[PDB]
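Shown here is one chain on its own, the form deposited in one PDB entry, set out as structure tokens.
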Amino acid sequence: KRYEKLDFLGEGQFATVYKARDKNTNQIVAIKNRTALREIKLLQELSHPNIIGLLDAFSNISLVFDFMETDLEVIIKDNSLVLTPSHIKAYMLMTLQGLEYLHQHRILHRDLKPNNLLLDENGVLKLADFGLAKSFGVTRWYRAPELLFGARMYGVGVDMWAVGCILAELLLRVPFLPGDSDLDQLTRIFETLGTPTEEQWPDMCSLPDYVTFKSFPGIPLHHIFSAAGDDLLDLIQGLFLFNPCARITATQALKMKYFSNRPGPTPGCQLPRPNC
């Protein structure tokens, strides 16, 4: 009861979400089970500016997170907005910084997609929905080629491919590889980026469900991302490498010249806030 609800925010799988002012602090919050009670454990553990804060939780349960004004899917979907190189850079920086933190804490998100990359009123992006997240101990369109094949030994490359997919959608403003089966998703990856050889991939055929695909050459990235410079083409190139050992980590992505080159990232206050 330490909170009292103000506005309905949504329905879904896990309970309903409700906007509230916390009685004591006057701060505004949002208020949400083995598949959820490991999520409750995991999120009260962590603290990062770019990770959703689980503030309280208390079986019929309600889980107080930060309140978030919007998400990247809204921003992507919104025609009233133009994204500038500096908005994109700021968005990918916060995404990757939040990710780097999780992966140094030996956690995979496994459900990166733009509707999970929430934003506050002060332009701070926070990764949300750790219901698929697991310790090292996603929907088709952000899913890595290896996962579509059938790899269960898999790593950070799973989350890194999705970041490429989200990055492309920041640029094109449309899903990059929008497949309508798990095979159509491989068909789409291999016509756009080219069919990987086993020189593009050392132990590929050892996958239980590796399959002999049509040998496409792919579209060059400069044709797809025409407005991107060589520094951002290298970021996109790194994220989309088929070998999950070659594929760039959040850390290698963040030490990439792209984030140190001009134009720099937009401050949160000046990131494009939408209306409903």
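A residue's number is simply how far along the shown sequence it sits, counting from 1. Think of the rigid core as the biggest set of C-alphas that the two forms share within 1.5 Å after superposition.
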Gap size, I248 back to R247 (deposited sequence, no coordinates): none
Given 14-22 and 263-271, the range whose Cα B-factors average higher in the PDB entry: 14-22
Residue range whose averaged C-alpha B-factor is higher in the record, 229-237 or 211-219: 211-219
Among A36, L46, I52, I224 - the residue whose C-alpha B-factor is largest in the record: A36
Maximum C-alpha temperature factor, selected from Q200, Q97, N79, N116: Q200
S86 - which third its CA temperature factor falls in, relative to the rest of the chain: lowest
Third of the chain, ranked by Cα B-factor, where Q27 sits: highest
Chain-relative CA temperature factor third for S59: highest
CA B-factor ranking of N122, expressed as a third of its chain: lowest
Record-listed C-alpha B factor of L183: chain third: middle
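The same protein also exists as the form deposited in another entry; that form is not shown, yet it is the one meant from here on.
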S260 C-alpha moves between this form and the one not shown by 2 Å or more, core aligned: no
